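In the structure tokens that follow, the same protein chain appears in two forms, which are kept apart as structure 1 and structure 2.
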Structure 1
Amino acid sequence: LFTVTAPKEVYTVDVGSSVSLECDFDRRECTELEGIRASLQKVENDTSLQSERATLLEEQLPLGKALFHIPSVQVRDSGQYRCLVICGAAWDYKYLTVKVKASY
């Protein structure tokens, strides 16, 4: 059965650093024939369906890894996200949380 899993549920990141948010999926059940789509969606306070600040690192997809990279994390990146992977009609998702640390 197609499932998504999150190796880590909470990521703690210093303001200004990078983070690679990971969700793993059963690549054996996907085909670039039927298509794969991955999406990191911010749960609260975002007018876009998918996070505009993250980029999927596509080279990991053949390993069943959806890695969503934010190169310079900002305070407003904090909060819960859903990582969604779709392979054809199959899909699953998990939640992860980004906690942003700042020192003033």
Structure 2
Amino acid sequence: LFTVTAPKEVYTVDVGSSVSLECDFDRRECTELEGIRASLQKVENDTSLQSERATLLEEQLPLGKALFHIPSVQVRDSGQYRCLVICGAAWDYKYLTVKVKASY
């Protein structure tokens, strides 16, 4: 019954600038008893691994947001990601899309 939602699902960014991506989760299904972990994974095929480019702004977690930051966006950062939250045994994810504007 733990679930993740993505009220913001599409994000826009200019090459050279940073992008933030986020998904929200149901906190009354997460305590510090079983731990909380969040990850962003770029979709490159059927299996995803942790993004090398993104980091987690973990100060947002107690507010029920998994907020990710990718600095210095390049064209190859375009496309779909899975925003994943794990609370003890329970997990869920949402797809997020990054749209990039490249200039010169």
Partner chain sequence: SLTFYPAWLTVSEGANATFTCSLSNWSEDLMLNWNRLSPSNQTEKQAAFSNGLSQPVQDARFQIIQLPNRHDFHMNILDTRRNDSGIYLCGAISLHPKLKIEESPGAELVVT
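Whichever C-alpha set is largest while still superposing within 1.5 Å between the two forms counts as the rigid core. All residue numbers here refer to structure 1's sequence, counted from 1.
Chemist: Eyeball the pair and call it: which is the form deposited without its partner chain?
Modeler: That would be structure 1, which is the form deposited without its partner chain.
Chemist: So, superposing on the core, is the move of residue 46 at the CA at least 2 angstroms between the two structures?
Modeler: For residue 46, whose C-alpha is compared between the two structures after core superposition, the shift is 2 Å or more.
Chemist: Superpose the two forms on the rigid core and tell me the Cα shift of residue 12 between the two structures in angstrom.
Modeler: So the C-alpha of this residue moves 1.2 Å.
Chemist: Core-aligned, what does the C-alpha of residue 31 shift between the two structures, expressed in angstrom?
Modeler: So the C-alpha of this residue moves 2.1 Å.
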